[PDB]
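**Q** model-v4.txt is the file, holding compact mmCIF, C-alpha atoms and all ligand atoms:
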# COMPACT_ATOMS: atom_id res chain seq x y z
CA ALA A 11 9.36 -22.20 73.27
CA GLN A 12 8.98 -24.75 76.11
CA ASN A 13 10.38 -24.08 79.57
CA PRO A 14 11.76 -20.64 78.79
CA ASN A 15 12.81 -19.89 82.35
CA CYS A 16 14.90 -23.08 82.33
CA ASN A 17 13.40 -24.55 85.46
CA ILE A 18 14.21 -28.07 86.58
CA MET A 19 11.33 -30.29 85.57
CA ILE A 20 10.16 -33.39 87.40
CA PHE A 21 8.59 -36.31 85.56
CA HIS A 22 6.38 -39.13 86.71
CA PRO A 23 6.27 -41.76 83.87
CA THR A 24 3.74 -44.46 83.96
CA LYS A 25 4.91 -48.06 83.71
CA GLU A 26 4.00 -48.01 80.01
CA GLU A 27 5.97 -44.86 79.49
CA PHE A 28 8.95 -46.39 81.26
CA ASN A 29 9.47 -49.04 78.63
CA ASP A 30 11.23 -47.08 75.93
CA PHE A 31 14.11 -45.10 77.34
CA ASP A 32 15.04 -43.14 74.27
CA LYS A 33 11.41 -42.25 73.59
CA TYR A 34 11.03 -40.81 77.06
CA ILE A 35 14.21 -38.74 76.93
CA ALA A 36 12.88 -37.32 73.66
CA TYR A 37 9.51 -36.63 75.31
CA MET A 38 11.17 -34.76 78.20
CA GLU A 39 13.08 -32.63 75.65
CA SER A 40 9.78 -31.92 73.81
CA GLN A 41 8.60 -30.34 77.03
CA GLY A 42 11.72 -28.23 77.42
CA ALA A 43 13.48 -30.24 80.10
CA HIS A 44 16.89 -29.87 78.69
CA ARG A 45 16.79 -26.13 79.02
CA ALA A 46 17.44 -26.47 82.72
CA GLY A 47 20.37 -28.76 82.26
CA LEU A 48 18.95 -31.31 84.68
CA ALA A 49 15.69 -33.23 85.18
CA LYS A 50 14.34 -35.49 87.85
CA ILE A 51 12.51 -38.73 86.93
CA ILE A 52 10.51 -40.52 89.60
CA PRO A 53 9.97 -44.19 88.52
CA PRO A 54 6.51 -45.70 88.44
CA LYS A 55 5.42 -47.25 91.71
CA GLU A 56 5.51 -50.70 90.22
CA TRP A 57 9.23 -50.49 89.37
CA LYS A 58 12.22 -51.58 91.40
CA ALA A 59 15.98 -51.46 90.67
CA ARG A 60 16.63 -54.62 92.63
CA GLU A 61 15.01 -56.65 95.38
CA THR A 62 17.17 -55.59 98.33
CA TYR A 63 20.39 -53.93 99.16
CA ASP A 64 21.12 -56.39 101.98
CA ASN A 65 24.06 -57.95 100.35
CA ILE A 66 26.21 -55.16 99.01
CA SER A 67 28.72 -54.82 101.94
CA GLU A 68 31.46 -56.86 100.33
CA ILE A 69 31.90 -54.66 97.30
CA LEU A 70 35.41 -53.22 97.44
CA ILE A 71 36.26 -49.57 97.24
CA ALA A 72 39.84 -50.04 95.97
CA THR A 73 40.84 -46.46 96.23
CA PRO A 74 38.77 -44.26 98.57
CA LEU A 75 39.46 -40.56 97.99
CA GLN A 76 39.71 -37.93 100.75
CA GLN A 77 38.42 -34.61 99.39
CA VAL A 78 40.63 -31.90 100.89
CA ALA A 79 39.60 -28.29 100.31
CA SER A 80 41.52 -25.03 99.84
CA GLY A 81 40.17 -21.50 99.53
CA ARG A 82 37.31 -19.78 101.09
CA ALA A 83 33.86 -21.17 102.12
CA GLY A 84 32.13 -20.14 98.97
CA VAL A 85 34.99 -20.40 96.45
CA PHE A 86 37.29 -23.31 96.87
CA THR A 87 39.04 -26.19 95.17
CA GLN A 88 39.39 -29.72 96.25
CA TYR A 89 42.03 -32.35 95.69
CA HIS A 90 41.71 -36.04 96.14
CA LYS A 91 44.06 -37.85 98.46
CA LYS A 92 44.20 -41.62 98.08
CA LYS A 93 43.38 -43.81 101.01
CA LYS A 94 43.64 -47.50 101.68
CA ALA A 95 41.05 -49.88 100.29
CA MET A 96 37.93 -50.69 102.25
CA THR A 97 34.76 -52.58 101.66
CA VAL A 98 31.34 -50.92 101.35
CA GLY A 99 30.46 -52.16 104.80
CA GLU A 100 33.59 -50.65 106.24
CA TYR A 101 32.86 -47.42 104.39
CA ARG A 102 29.31 -47.26 105.73
CA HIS A 103 30.56 -47.65 109.25
CA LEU A 104 33.06 -44.83 108.63
CA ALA A 105 30.41 -42.49 107.17
CA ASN A 106 28.30 -43.12 110.31
CA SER A 107 31.08 -42.42 112.74
CA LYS A 108 31.12 -39.37 114.93
CA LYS A 109 33.86 -37.73 112.77
CA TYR A 110 31.96 -38.07 109.52
CA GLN A 111 28.20 -38.39 110.21
CA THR A 112 25.58 -35.84 109.13
CA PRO A 113 24.99 -33.26 111.86
CA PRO A 114 21.61 -32.69 113.47
CA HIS A 115 19.54 -30.40 111.23
CA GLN A 116 15.99 -29.13 110.70
CA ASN A 117 15.40 -29.79 106.97
CA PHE A 118 17.27 -29.90 103.65
CA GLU A 119 17.64 -25.98 103.65
CA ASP A 120 19.31 -25.94 107.12
CA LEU A 121 21.68 -28.77 105.98
CA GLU A 122 22.53 -26.82 102.82
CA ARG A 123 23.39 -23.83 104.95
CA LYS A 124 25.67 -26.00 107.09
CA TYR A 125 27.32 -27.55 104.03
CA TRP A 126 28.30 -24.20 102.57
CA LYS A 127 29.33 -22.74 105.87
CA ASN A 128 31.50 -25.63 107.05
CA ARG A 129 32.53 -27.81 104.11
CA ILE A 130 36.01 -26.46 103.72
CA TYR A 131 36.87 -27.36 107.31
CA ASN A 132 36.44 -31.07 106.83
CA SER A 133 37.81 -33.72 104.43
CA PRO A 134 35.14 -36.40 103.73
CA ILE A 135 36.01 -39.68 101.99
CA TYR A 136 34.32 -41.08 99.04
CA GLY A 137 34.12 -43.97 96.64
CA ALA A 138 34.18 -43.01 93.02
CA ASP A 139 34.12 -44.33 89.54
CA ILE A 140 33.82 -48.03 90.71
CA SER A 141 32.98 -49.96 87.60
CA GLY A 142 29.90 -52.02 88.27
CA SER A 143 26.10 -52.13 88.60
CA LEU A 144 23.47 -52.75 91.30
CA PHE A 145 20.58 -53.20 88.99
CA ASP A 146 19.14 -56.65 88.88
CA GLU A 147 19.63 -58.43 85.51
CA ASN A 148 15.86 -58.85 85.36
CA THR A 149 15.03 -55.15 85.71
CA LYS A 150 14.13 -54.41 82.17
CA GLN A 151 13.21 -50.70 82.34
CA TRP A 152 15.79 -47.98 82.98
CA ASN A 153 18.57 -50.44 83.78
CA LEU A 154 21.69 -48.37 83.53
CA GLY A 155 23.78 -51.35 82.41
CA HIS A 156 21.50 -51.99 79.40
CA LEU A 157 21.05 -48.57 77.64
CA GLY A 158 22.06 -47.89 74.08
CA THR A 159 25.95 -47.42 73.95
CA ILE A 160 27.39 -44.13 72.85
CA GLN A 161 29.45 -46.05 70.22
CA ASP A 162 26.32 -47.48 68.79
CA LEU A 163 24.72 -44.01 68.72
CA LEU A 164 27.68 -42.62 66.78
CA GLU A 165 27.51 -45.47 64.36
CA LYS A 166 23.81 -45.08 63.82
CA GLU A 167 24.02 -41.35 63.30
CA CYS A 168 27.27 -40.96 61.44
CA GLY A 169 27.94 -44.32 59.92
CA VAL A 170 31.25 -45.27 61.37
CA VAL A 171 32.12 -48.04 63.66
CA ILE A 172 34.44 -47.28 66.51
CA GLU A 173 36.10 -49.11 69.32
CA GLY A 174 35.08 -48.59 72.95
CA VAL A 175 32.63 -49.51 75.55
CA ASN A 176 30.25 -47.71 77.85
CA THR A 177 29.55 -49.26 81.31
CA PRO A 178 28.13 -47.88 84.56
CA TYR A 179 29.90 -46.71 87.62
CA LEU A 180 29.11 -46.80 91.31
CA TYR A 181 29.64 -43.97 93.77
CA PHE A 182 29.59 -44.30 97.55
CA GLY A 183 29.18 -41.02 99.37
CA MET A 184 29.04 -39.57 102.86
CA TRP A 185 28.15 -36.21 104.42
CA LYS A 186 29.89 -33.36 102.59
CA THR A 187 31.29 -35.43 99.76
CA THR A 188 31.23 -33.06 96.84
CA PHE A 189 31.03 -33.11 93.10
CA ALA A 190 32.70 -30.06 91.56
CA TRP A 191 31.33 -27.86 88.79
CA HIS A 192 31.59 -29.62 85.46
CA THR A 193 29.91 -30.85 82.28
CA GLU A 194 30.36 -34.40 81.21
CA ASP A 195 33.11 -35.70 79.01
CA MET A 196 32.45 -34.57 75.51
CA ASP A 197 29.39 -32.73 76.80
CA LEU A 198 27.48 -36.02 76.94
CA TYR A 199 24.29 -36.60 78.84
CA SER A 200 24.42 -38.40 82.19
CA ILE A 201 21.91 -40.47 84.10
CA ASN A 202 22.21 -41.04 87.81
CA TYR A 203 20.19 -43.33 90.02
CA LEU A 204 20.29 -42.93 93.79
CA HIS A 205 20.10 -46.60 94.92
CA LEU A 206 20.28 -46.30 98.69
CA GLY A 207 20.75 -43.86 101.56
CA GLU A 208 20.68 -40.21 102.20
CA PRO A 209 19.99 -37.49 99.60
CA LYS A 210 22.14 -35.71 97.08
CA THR A 211 21.69 -31.95 96.42
CA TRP A 212 22.33 -30.70 92.92
CA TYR A 213 23.08 -27.31 91.41
CA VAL A 214 22.85 -26.70 87.67
CA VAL A 215 23.39 -23.93 85.11
CA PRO A 216 21.26 -23.90 81.99
CA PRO A 217 23.19 -24.98 78.95
CA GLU A 218 22.43 -21.72 77.19
CA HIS A 219 24.25 -19.93 79.97
CA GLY A 220 27.23 -22.20 80.49
CA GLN A 221 29.70 -19.65 79.19
CA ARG A 222 28.61 -17.27 81.97
CA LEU A 223 29.69 -19.84 84.53
CA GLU A 224 32.95 -20.36 82.64
CA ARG A 225 33.70 -16.67 82.67
CA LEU A 226 33.06 -16.39 86.42
CA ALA A 227 35.25 -19.44 87.04
CA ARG A 228 38.14 -17.87 85.13
CA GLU A 229 37.85 -14.77 87.37
CA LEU A 230 37.60 -16.76 90.57
CA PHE A 231 40.37 -19.26 89.80
CA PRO A 232 42.79 -17.19 87.82
CA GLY A 233 45.86 -19.35 88.08
CA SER A 234 43.94 -22.44 87.07
CA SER A 235 42.51 -20.61 84.15
CA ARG A 236 45.99 -19.59 83.02
CA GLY A 237 47.09 -23.20 83.23
CA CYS A 238 44.29 -24.69 81.12
CA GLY A 239 41.66 -23.19 78.90
CA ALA A 240 39.22 -25.89 80.04
CA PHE A 241 40.13 -26.28 83.70
CA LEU A 242 36.63 -27.03 84.88
CA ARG A 243 37.21 -30.40 83.26
CA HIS A 244 39.62 -31.08 86.04
CA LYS A 245 36.63 -31.35 88.32
CA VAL A 246 38.05 -29.52 91.29
CA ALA A 247 36.29 -26.16 91.52
CA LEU A 248 33.43 -25.18 93.75
CA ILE A 249 31.41 -21.96 93.78
CA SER A 250 28.50 -21.58 96.23
CA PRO A 251 24.95 -20.52 95.36
CA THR A 252 25.55 -17.30 97.29
CA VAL A 253 28.52 -16.43 95.05
CA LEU A 254 26.65 -17.39 91.95
CA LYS A 255 23.76 -15.08 92.86
CA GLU A 256 26.14 -12.26 93.70
CA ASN A 257 27.54 -12.61 90.23
CA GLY A 258 24.34 -12.96 88.33
CA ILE A 259 24.83 -16.53 87.18
CA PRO A 260 21.54 -18.22 86.35
CA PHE A 261 21.22 -21.59 88.17
CA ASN A 262 18.81 -23.89 89.83
CA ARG A 263 18.91 -26.39 92.68
CA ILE A 264 17.13 -29.64 93.61
CA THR A 265 17.51 -32.50 96.06
CA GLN A 266 17.50 -36.10 94.79
CA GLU A 267 16.26 -38.85 97.13
CA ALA A 268 16.81 -42.54 97.04
CA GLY A 269 14.81 -44.25 94.31
CA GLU A 270 14.97 -41.27 91.94
CA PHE A 271 16.82 -40.69 88.67
CA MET A 272 18.48 -37.47 87.59
CA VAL A 273 19.41 -36.77 83.99
CA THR A 274 21.96 -34.14 83.02
CA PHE A 275 21.74 -32.74 79.52
CA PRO A 276 24.57 -31.80 77.15
CA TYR A 277 26.55 -28.82 78.33
CA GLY A 278 24.59 -28.56 81.57
CA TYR A 279 27.11 -27.60 84.23
CA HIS A 280 26.36 -29.23 87.57
CA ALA A 281 27.80 -29.57 91.07
CA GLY A 282 26.49 -30.83 94.38
CA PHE A 283 26.95 -32.66 97.63
CA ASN A 284 25.77 -35.75 99.60
CA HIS A 285 23.76 -35.50 102.77
CA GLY A 286 25.05 -38.68 104.34
CA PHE A 287 25.89 -42.30 103.44
CA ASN A 288 24.57 -43.22 100.06
CA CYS A 289 25.15 -45.18 96.88
CA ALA A 290 24.53 -43.95 93.35
CA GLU A 291 25.04 -45.46 89.91
CA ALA A 292 25.71 -43.33 86.84
CA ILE A 293 26.55 -43.60 83.23
CA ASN A 294 27.01 -41.27 80.30
CA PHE A 295 24.82 -41.55 77.25
CA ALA A 296 24.10 -39.94 73.86
CA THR A 297 21.21 -39.12 71.64
CA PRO A 298 21.08 -37.69 68.17
CA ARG A 299 20.82 -34.20 69.65
CA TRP A 300 24.13 -34.69 71.39
CA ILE A 301 26.23 -35.01 68.27
CA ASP A 302 26.41 -31.25 67.77
CA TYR A 303 27.47 -30.73 71.36
CA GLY A 304 30.18 -33.35 71.07
CA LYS A 305 31.57 -31.60 67.96
CA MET A 306 31.91 -28.36 69.93
CA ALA A 307 32.96 -29.61 73.33
CA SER A 308 35.93 -27.92 74.85
CA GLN A 309 38.85 -30.12 75.79
CA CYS A 310 41.51 -30.24 78.46
CA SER A 311 44.92 -30.91 76.83
CA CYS A 312 47.11 -29.85 79.78
CA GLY A 313 47.30 -33.33 81.12
CA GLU A 314 45.25 -32.93 84.23
CA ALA A 315 41.93 -34.37 83.22
CA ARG A 316 42.95 -37.84 81.90
CA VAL A 317 39.98 -39.97 80.74
CA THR A 318 38.52 -43.19 79.26
CA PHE A 319 40.15 -44.56 76.17
CA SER A 320 36.61 -44.74 74.98
CA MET A 321 36.78 -40.98 74.73
CA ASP A 322 39.68 -41.21 72.16
CA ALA A 323 37.41 -42.24 69.33
CA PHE A 324 34.93 -39.55 70.10
CA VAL A 325 37.62 -36.84 69.76
CA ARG A 326 39.14 -38.57 66.74
CA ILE A 327 35.88 -38.69 64.78
CA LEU A 328 34.05 -35.53 66.01
CA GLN A 329 37.05 -33.22 66.52
CA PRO A 330 39.79 -34.31 64.13
CA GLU A 331 41.59 -30.92 64.17
CA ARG A 332 41.90 -31.12 68.03
CA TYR A 333 42.85 -34.80 68.13
CA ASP A 334 46.71 -34.46 67.74
CA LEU A 335 46.89 -31.95 70.72
CA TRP A 336 44.37 -33.67 72.94
CA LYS A 337 46.12 -37.12 72.40
CA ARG A 338 49.26 -35.52 73.73
CA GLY A 339 47.32 -34.50 76.94
CA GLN A 340 46.66 -38.24 77.45
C1 LIG B 401 28.33 -39.38 89.63
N1 LIG B 401 27.05 -39.16 90.08
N2 LIG B 401 26.20 -40.10 90.44
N3 LIG B 401 25.05 -39.57 90.76
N4 LIG B 401 25.24 -38.25 90.69
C2 LIG B 401 26.45 -38.00 90.21
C3 LIG B 401 27.08 -36.61 89.94
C4 LIG B 401 27.39 -36.23 88.46
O1 LIG B 401 28.20 -35.40 88.23
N5 LIG B 401 26.77 -36.84 87.47
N6 LIG B 401 27.10 -36.43 86.27
NI NI B 402 23.20 -56.61 82.67
NI NI B 403 28.34 -35.19 86.16
ZN ZN B 404 43.56 -29.05 81.79
Would you mind writing the structure in this file as structure tokens?
Ligand SMILES: Cn1nn[nH+]c1CC(=O)N[NH3+]
Ligand code: NI
Ligand code: NI
Ligand SMILES: [Zn+2]
**A**
Amino acid sequence: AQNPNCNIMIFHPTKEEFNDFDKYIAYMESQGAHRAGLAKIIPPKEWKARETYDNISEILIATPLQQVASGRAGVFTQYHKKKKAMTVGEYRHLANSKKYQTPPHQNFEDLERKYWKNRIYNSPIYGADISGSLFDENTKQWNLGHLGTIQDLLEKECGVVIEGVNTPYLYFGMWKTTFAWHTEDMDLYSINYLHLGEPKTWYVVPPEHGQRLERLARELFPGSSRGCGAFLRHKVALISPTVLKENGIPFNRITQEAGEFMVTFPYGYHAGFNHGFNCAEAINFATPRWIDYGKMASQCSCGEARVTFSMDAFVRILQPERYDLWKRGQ
């Protein structure tokens, strides 16, 4: 078996290898990459996502979200408070202000220490789930707006045509903005490209051990667990690496820098934080190997995690017994 310790693998495709997206994901899996839950892909030196980022300041962030924490430093939840609209240029200036800017630090380890020590005491603002793309139309390789759609994958694999679409999203981050522990909707894959700015640190549990994280989360967030059998789908819970280690949860960590892709694999729980002002683009995707994960994916039906109407068909087709109850959630 490849990659038995479930380490995060890093890939360096050549420009020839970067032509066929699906073929390369399959190659990474052949080497055991999915066992970690997460992989890093560094693009060939000849590739570029777009010519410059000099003209992105007028993009609007319609609903910036202030991420307010409750709990303790290593075990906390966050809720999102809506703020007034601001442009990307306005947001950048805010992220760089004295109130929000990254503190002085020695290296990524020292900043990680400061994140986990002090996160709960601040409420950073972030731009999320902004439909759009910053890839140039003429970037032909690994353009996140041009990948096979999940609908088309389901049709190709299972024979039925369904409604829905699958487009990318933009994320604007600042120091301490946080992504809570979760898997993707329907336990899909994700791909994430860090366009511009400061890094993003990631934490990931191997898919084979996801239920260990779930069990710990039910112990650490008992009221939430009583409220919903799939509360992690609410995307509000954080557990620090120190608490994970104390509890024996297998995980790994890695820092993504601008110009790098990260791929999350089905049922790979992940969480993380931004080092400073940055912009990422992400989209969910499927492969044939996903179908079995989508059939088994847990669902939130308490109401709290509402999602894409594109997800309706996936539940309807892959999980017909659950459909009725889930549809009520939405
Ligand atoms: C969103 N996003 N963009 N880059 N990284 C992320 C975090 C994530 O949860 N991806 N699935
Ligand atoms: Ni396009
Ligand atoms: Ni994710
Ligand atoms: Zn729920």
**Q** Kindly indicate which residue among A:188, A:288, A:311, A:320 lies nearest to residue 237 of chain A, using all atoms listed in the file for the distances.
**A**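 Nearest to residue 237 of chain A: A:311.
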**Q** Find the residues near ligand NI 402 (chain B). Use a cut-off of 9 Å, count only C-alpha atoms and all ligand atoms, and write them as a list in words.
**A**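 Written in the requested form, the residues are residues 143, 145, 146, 147, 148, 149, 153, 154, 155 and 156 of chain A.
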**Q** Give the residues close to ligand NI 403 (chain B), within 7 Å, counting all atoms listed in the file; write them as an mmCIF file with C-alpha atoms, in the frame of the given file.
**A**
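Contents of out23.cif, freshly written:
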data_model
loop_
_atom_site.group_PDB
_atom_site.id
_atom_site.type_symbol
_atom_site.label_atom_id
_atom_site.label_comp_id
_atom_site.auth_asym_id
_atom_site.auth_seq_id
_atom_site.Cartn_x
_atom_site.Cartn_y
_atom_site.Cartn_z
ATOM 1 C CA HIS A 192 31.590 -29.620 85.460
ATOM 2 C CA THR A 193 29.910 -30.850 82.280
ATOM 3 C CA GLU A 194 30.360 -34.400 81.210
ATOM 4 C CA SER A 200 24.420 -38.400 82.190
ATOM 5 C CA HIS A 280 26.360 -29.230 87.570
#
**Q** Around ligand ZN 404 (chain B), which protein and nucleic acid residues have at least one atom no more than 8 Å from it, if we count only C-alpha atoms and all ligand atoms? List them as a PyMOL selection string.
**A** chain A and resi 237-244+309-315
**Q** Tell me, as JSON, numbers by chain, which residues lie within 7 Å of residue 265 of chain A, counting all atoms listed in the file; anything in the same chain fewer than 2 positions away does not count.
**A** {"A": [209, 210, 211, 212, 267]}
**Q** Could you write those residues out with C-alpha atoms, as a PDB file, keeping the file's coordinate frame?
**A**
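Output file result.pdb is given in full below:
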ATOM      1  CA  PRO A 209      19.990 -37.490  99.600  1.00  0.00           C
ATOM      2  CA  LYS A 210      22.140 -35.710  97.080  1.00  0.00           C
ATOM      3  CA  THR A 211      21.690 -31.950  96.420  1.00  0.00           C
ATOM      4  CA  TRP A 212      22.330 -30.700  92.920  1.00  0.00           C
ATOM      5  CA  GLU A 267      16.260 -38.850  97.130  1.00  0.00           C
TER       6      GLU A 267
END
**Q** Ligand LIG 401 (chain B): which residues are within 8 Å, counting all atoms listed in the file, as JSON, numbers by chain?
**A** {"A": [138, 139, 179, 180, 181, 189, 190, 192, 193, 194, 199, 200, 201, 202, 203, 204, 210, 272, 274, 280, 281, 282, 290, 291, 292, 293, 294]}
**Q** Between A:206, A:175, A:273, A:184, which has the minimum distance to residue 43 of chain A (counting all atoms listed in the file)?
**A**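 Smallest separation from residue 43 of chain A among the options: A:273.
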**Q** List the spatial neighbours of segment 325-340 of chain A as a PyMOL selection string - criterion: any atom at most 12 Å away, all atoms listed in the file, same-chain residues fewer than 4 positions off excluded.
**A** chain A and resi 161+164-165+167-173+195-197+238+240+300-321
**Q** Could you work out how far atom CA of residue 140 of chain A lies from atom CA of residue 124 of chain A, giving the answer in Å with one decimal?
**A**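 Pair atom CA of residue 124 of chain A / atom CA of residue 140 of chain A returns 28.6 Å.
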**Q** Can you measure atom CA of residue 260 of chain A to atom CA of residue 217 of chain A for me? One decimal in Å is fine.
**A**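 So the two atoms, atom CA of residue 260 of chain A and atom CA of residue 217 of chain A, lie 10.2 Å apart.
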**Q** Between atom CA of residue 322 of chain A and atom CA of residue 296 of chain A, what is the spacing in Å?
**A** 15.7 Å
**Q** Closest to residue 251 of chain A among A:123, A:58, A:278, A:113, using all atoms listed in the file?
**A**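 Using all atoms listed in the file, the shortest distance to residue 251 of chain A belongs to A:123.
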